[PDB]
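Next up: a single chain in structure tokens, the form deposited in one PDB entry.
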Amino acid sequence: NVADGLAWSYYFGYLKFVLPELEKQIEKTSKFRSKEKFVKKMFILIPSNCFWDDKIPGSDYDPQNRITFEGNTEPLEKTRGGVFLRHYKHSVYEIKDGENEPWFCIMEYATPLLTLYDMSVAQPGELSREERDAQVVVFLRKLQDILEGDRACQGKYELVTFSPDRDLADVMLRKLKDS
């Protein structure tokens, strides 16, 4: 129930209007446009623990330092909720693929998940650590259900679920190859 609202908010307040124009947005940067092996879809990071380092380069998920920040994308300006020209931008990362050419992709954590974690820590009485795990599952399936119902979001995103024990670089490299 609570995860349901977070999934809808994640769509209506973000994904619905940032995914259809994600490809077009990236092309505005020469540094990004001239790039090969750059998948033009949002890789939504969904860790099972619901916690992450807001900074991915050299994060705990990236032990070998194969992931590197390539600068943000052109910020999308949109007026919403009385706030003029609110900024919607994404971070481009560089993933070393051994001796091969490095990979480039947009990586973002599912921000509603941070609410679930913070709730479990700040108010364990409303959301227990056990209850938190259940809502993550609901969130994923609900979000997937919503996005699958949006033709404009078709092939504009990739849900990357992984446990925090996994090497983010390894997990990412597989999905990057599978494209």
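Take the two forms, find the largest set of C-alpha atoms that superpose within 1.5 Å, and that set is the rigid core. The numbering used is simple: start at 1 and walk along the sequence shown.
Pick between 130-138 and 63-71: the one whose mean CA B-factor in the entry is higher.
Taking the mean C-alpha B-factor of 130-138 and of 63-71, the larger value falls to 63-71.
Can you tell me which stretch has the higher mean Cα B-factor, 83-91 or 98-106?
Between 83-91 and 98-106, it is 98-106 that shows the higher mean C-alpha B-factor.
For the listed residues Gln154, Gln144, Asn49, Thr115, which one has the largest C-alpha B-factor as given in the deposited model?
Most elevated C-alpha B-factor of the set, per the entry: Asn49.
Quick check on the deposited entry: does the C-alpha B-factor of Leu45 sit in the lowest, middle or highest third of its chain?
Middle third - that is where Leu45 ends up once the chain's C-alpha B-factors are sorted.
Using only modelled residues of the chain, where does the Cα B factor of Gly13 rank: lowest third, middle third or highest third?
CA B-factor rank for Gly13: lowest third.
With respect to C-alpha B-factor, does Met119 fall in the lowest, middle or highest third of the chain as deposited?
For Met119, the deposited C-alpha B-factor lands in the lowest third.
The same protein also exists as the form deposited in another entry; that form is not shown, yet it is the one meant from here on.
Quick check on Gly13: with the core superposed, does its CA move 2 angstroms or more between this form and the one not shown?
Where the cores coincide, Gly13 shows only a C-alpha shift between this form and the one not shown that is less than 2 Å.
If we fit on the core, is the Cα of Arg80 displaced 2 Å or more between this form and the one not shown?
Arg80: C-alpha displaced by 2 Å or more between this form and the one not shown.
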